[PDB]
C-alpha cells in the first residue's frame, strides 16, 4: 500500500481519530506486537502508526545494511524517512527502549515533526561511568556477548525472564523469548553491541521537544536514577513517572498497570 516503507518495516496505520497522529516504535528483541494492549485505547482519538525497526524478527534480513546501523543514527534516519513518507506535519512519538533514544535523535534534526516524545524504558547509556549509573560494567557486556555468540537460542531462553521480569512461566516471558529468537543471530549480536556500547548523554541538551519519561520501578536494564538523569539533562520540558511495575517491556507484561500510565502521558501535555 505505502510501498518500500510498508514492505521493509511492515508499516500499519489504524484508527480514525482526529486529535492527531501517534507513532509507536518498539525496542530490541520485540516487534510492533509489543503494543498490542495499547493500540485499542488510541484508535478513537488518533491515527496510530506501527512499524518494525529494521533487523527486527519480522523484517527481511536482506534489507539489513550493517554499515547503516553501525550507529543509532541509521535507525533515526529510517524514522525520519517514515515520517516524511507519511506526510505527517507532527506526531506524538512513543519510543520503547532503544526506540526512545532513536526518536530523541530524530527530534534533534526535525523538532517540527514531534509534538512530544514518550520515552518508555529509556537509557542514554547502559555502561557505568564516573558519576553515572547505567547498570552495567564492561565485564557484564562481555559475558552477555559471549552467551549470544555461543548459543543464541539458549541465550534468548535465559535472557527473556530477566528482561521481562515477573513470573518465568508467563505468556509475556514466552512471547519475548520467541520474538528475541526471531532475530537472525548475526543481526542480533551486531545490534546488541551497537546498543550496549552507545552513549548519547551529550546529545540530550539538543532535545527540545517535551519528553515524558516512563519506566518500571524494577527494570534490569534501566536503574531508576536513569529517569532522573534524563530529566536533568534533556534540553526541553520533561516529566518523570516511575510505575509500580517490574520489567523492561511492561506494556506487554503488566498492561493493566502500564496502559493507563501511557495513555495519560499521551493525552496530557506539560506546560
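Numbering follows the first chain given and starts at 1.
- Relative to one another, 243-251 and 10-18 have unequal mean CA B-factors, and 10-18 is the one with the higher figure.
- Between 98-106 and 68-76, it is 68-76 that carries the larger average Cα temperature factor according to the deposited entry.
- In this entry, the residue among 115, 197, 190, 128 with the greatest C-alpha B factor is 197.
- Among 183, 120, 162, 154, the highest C-alpha B-factor recorded in the PDB entry belongs to 162.
- In the PDB entry, residue 124 places in the lowest third of its chain by CA B-factor.
- Ranked within its chain, residue 63 lands in the highest third, by CA B factor from the PDB record.
- In the deposited entry, the Cα temperature factor of residue 31 sits in the bottom third of values across the chain's modelled residues.
- Annotation for residue 92: CA B-factor lies in the lowest third of the chain's modelled residues.
- Among all modelled residues in its chain, residue 48 ranks in the middle third by Cα B-factor.
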